[PDB]
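A, B, C, D and E label the chains in the order they appear, each numbered from 1.
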Amino acid sequence: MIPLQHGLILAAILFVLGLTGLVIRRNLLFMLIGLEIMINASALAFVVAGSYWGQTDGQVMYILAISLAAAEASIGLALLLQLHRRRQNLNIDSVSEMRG
Amino acid sequence: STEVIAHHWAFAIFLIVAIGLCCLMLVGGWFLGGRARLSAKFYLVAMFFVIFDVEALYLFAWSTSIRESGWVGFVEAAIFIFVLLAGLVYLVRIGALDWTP
Amino acid sequence: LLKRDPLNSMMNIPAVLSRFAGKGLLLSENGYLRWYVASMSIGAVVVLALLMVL
Amino acid sequence: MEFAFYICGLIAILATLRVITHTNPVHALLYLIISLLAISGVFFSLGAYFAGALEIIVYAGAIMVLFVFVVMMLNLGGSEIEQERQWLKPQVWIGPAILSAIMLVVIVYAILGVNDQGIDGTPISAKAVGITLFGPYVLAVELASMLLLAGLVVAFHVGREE
Amino acid sequence: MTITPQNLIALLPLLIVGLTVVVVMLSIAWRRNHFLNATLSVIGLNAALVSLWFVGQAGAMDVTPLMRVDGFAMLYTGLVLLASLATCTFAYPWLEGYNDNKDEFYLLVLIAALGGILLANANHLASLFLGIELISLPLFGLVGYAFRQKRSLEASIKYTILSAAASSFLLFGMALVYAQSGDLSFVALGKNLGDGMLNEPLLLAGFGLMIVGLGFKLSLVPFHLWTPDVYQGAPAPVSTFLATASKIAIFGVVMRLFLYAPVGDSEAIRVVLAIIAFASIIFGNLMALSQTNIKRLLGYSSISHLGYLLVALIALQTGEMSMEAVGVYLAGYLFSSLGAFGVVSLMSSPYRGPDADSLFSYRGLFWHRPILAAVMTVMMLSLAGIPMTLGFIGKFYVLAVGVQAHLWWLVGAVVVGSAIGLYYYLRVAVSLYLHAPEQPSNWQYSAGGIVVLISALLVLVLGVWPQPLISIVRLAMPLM
């Protein structure tokens, strides 16, 4: 007796909060944090969708979503470590050389 | 039901009493008594833990339904574990998992 | 009065318009990742609003 | 399970809102771990027991362990950004706030117009998820192993020391 | 369903590429040998390309609830495999100058080719999502393979964050679509609707977020701003792969998604895609008017050409030759982009360290590299839709498909963008034939030159005689 609309609304709220955190923060670590929030919100939305229909498909795509999240966080933190190694700051506005 | 909701209430009381016990211990400790850059190896090992942990979750999901999946599922999980061990051999043989070079 | 070829100038006017539009569009390729994410969010909002209207 | 679902969702929303506005990286990671525990409680309220178990096992037990590892590797004490607090001034954050509010309004309007019989919350066990995972979703499992292998190779190649 | 040995025969290129990934990884673990590992990778890719014959002999059938193998999947698997083989061939002379480990490149290329094959055979939201990610993550590694170079690190960071954002957008869209429908198969995305209620709000929103993610991955306006920076910063063989294989595979799975879904003929999605295609053509042509670097110019070229492909996609339900137009256009665009980025990669190889600039300096190329200049100007003509070239045949197909479905705004946009493209492509060609102020020798560099020369000859021959390509594209028809 939990509506599907409420779970989807909660997931959409978490997704837009993650997108806002991804946009308004120049720190690369906070952008990776925002990316984790958005992909976790997408996974939560899929879990809600699979639980409404009574199928394991939601949890299977949750598993695929968090496999992607783990590997993307790995690559993003490796790139963040490399950025901090070669330029000692995580401000991405310095990383803007290609333009036009 | 009755047994299930009783076990749920027991688990809730377990959580509440454990949290309250730790909080009360810290509060009693506070109130009583008078007064007067790391190397990349840590990132590498944590990343390896994350990747092999999600591959472990795949094996967790397989292991609880082995009999219902049959020999086909055994073949598929054998391919999965073979790719796991090939990745592990690749990591070991290139010195990624060696703490000292 | 005609030796400057006014018809040729008026037919070359679209080339000048295309050049100005290309410069104005290239102003948006500033190289900022936050702006790129904001533009993706703007496009998502625009696409969703168009689909809701239609 | 209804009250648990709403309280866990409210806690997740509040913790995420604290995450996107906080300036201390470790405090932000702690609040996001709280949010991940809350979303796992949301999963357990809806009967997706395996999803909540993996939310604490992997999402709130492995990935942000890696995040906390990287943060303490960098010794981020709030330098050159905590001295700015630029995102707290209106001229940076109101614009994306209207952007996200408009997107949320559109998505909510789309959500409110769907057929909704409600979620019964019947517990889908991990055995059924494992049966479907190695039944209709075999190639998903094998190519997900290949995907994690690719992420492993990429992160090793980029995140070396030399 | 279940897995059959006949389904294993239809699984042949995926299994062959995965076995090649494992074999190359174990060979790297044994001993780091650049030549042996590159040879093993190209042997595995050629084995998959040959096993396409056995897949065709096996027929067309549904290998999984996820995968569906038919002629269309064979054609796009072949295109992705050819792009991967060309990427390996161009990457070897570039990697000859790379001081770090050269062996992970081919592993990532093979894994991205595996993702491209999965996208070619995808019949499911799970397989589509996994194939997109399986293309994207090795491209995260390959774009920043020269991470000590500052431009490549910038491109890798931009591509990684933006593609993670797009993948989360796509995932939320699939979540909304699955919440509305309840089935993840392509054939059932809107099947439970009827009586003119195809414009369901939640289904439209989910397909809109999916369109956001896919239009990022296809460089469609306004999700296009990453393309010139990532194309410029990436290594030139990586630029070749990212321009050809990723775009081809993602457009093919978008073709299957919009052909099989009962919501694919919705008028709202059609108008939104028409707006996106118009804006993509016009914007991608206009931003390349004043570009002095060839990589950003080819990125805007890719934006415009994917706009042309999207125009061919919009007329899928109305027309009948839309899929065949997409196939012919994709073959021609693949060969033209292979030649152009191959000339760029051959003139930017070996990799001369992370400190020296990787500027192309295409002016006066004929007076010291005449054959590469001829191949490059054939590609520049072919991207312009000029006759004697296969790109003109693709443009003619897009125009015929647009004329059939009465998409007159898209036809006018195609013509205007074609004129702008004529300007900047011809400027590049004449700059190649101008005079420069000032001005390898192994068999792998010769192999890359042979690849670009074969692409130029194919473009010219199938531009003056396109009937074999039309016949072998019409032979590759998916299940109706």
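Following the convention adopted for this analysis, a contact is a pair of C-beta atoms (placed from the backbone, for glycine too) under 8 Å apart; a residue touches a chain by one contact, two chains touch by 3 or more.
Undergrad: Give the label of the chain whose average Cα location is farthest from that of subunit C.
TA: B
Undergrad: Which chain pair is joined by more contacting C-beta pairs, A-C or C-E?
TA: C-E
Undergrad: Between subunit B and subunit D, what's the gap in Å when you average each chain's C-alpha atoms?
TA: Distance between chain centres: 17 Å.
Undergrad: Per the centroid of Cα atoms for each chain, what is the distance between subunit B and subunit E, given in Å?
TA: Once rounded, the distance between the two centres reads 39 Å.
Undergrad: Per the centroid of Cα atoms for each chain, what is the distance between subunit D and subunit E, given in Å?
TA: Going by mean C-alpha positions, subunit D sits 31 Å from subunit E.
Undergrad: Give, as an integer number of Å, the spacing between the C-alpha centres of subunit D and subunit A.
TA: 6
Undergrad: Any chance you could list the residues of subunit D touching two or more other chains?
TA: 50, 54, 58, 62-63, 66, 70, 73-74, 96, 99-100, 103, 106-107, 109-111, 114, 128-129, 131, 133, 135, 137-138, 140, 142, 144, 146-152, 154-155, 158-159
Undergrad: Residues of subunit C touching 2+ other chains?
TA: 26, 29, 31, 33, 37-38, 41-42, 44, 48, 52, in rising order.
Undergrad: Subunit B: which residues touch two or more other chains?
TA: As it turns out, subunit B has residues touching two or more other chains at 40, 43, 47, 50-51, 53-54, 57-58, 61, 72, 83, 87.
Undergrad: Hey, how would you classify the chain contact layout here, line, ring, star, complete or other?
TA: Drawn as a graph, the chains match no named shape, so other.
Undergrad: Please give all chain pairs that are in touch with each other.
TA: Touching chain pairs, listed by label, come out as A-B, A-C, A-D, A-E, B-D, B-E, C-D, C-E, D-E.
Undergrad: What residues on subunit A touch subunit B, complex-wise?
TA: Touch residues, subunit A against subunit B: 63, 66-67, 70-71, 73-74, 77-78, 81.
Undergrad: Residues of subunit B touching subunit D in their complex?
TA: Residues of subunit B touching subunit D: 37-44, 46-51, 53-55, 57-58, 60-65, 68-69, 72-73, 76-77, 79-80, 83-84, 87, 91, 96.
Undergrad: Where on subunit E does subunit C make contact in their complex?
TA: Result: residues 157-158, 161-162, 165-166, 169, 199, 201, 204-205, 207-209, 211-212, 215-216, 221-223, 225-226, 228-229, 267-269, 271-272, 275-276, 283, 286-290, 420 of subunit E touch subunit C.
Undergrad: So in the complex, the part of subunit D that touches subunit E is made up of which residues?
TA: 106-107, 109-111, 113-114, 135-140, 142-144, 146-147, 149-151, 153-154, 157-158, 162
Undergrad: Would you pull the subunit C residues touching subunit E in the complex into a rising list?
TA: 18-19, 21-23, 25-26, 28-29, 31, 33, 35-37, 39-40, 42-44, 46-48, 50-52, 54
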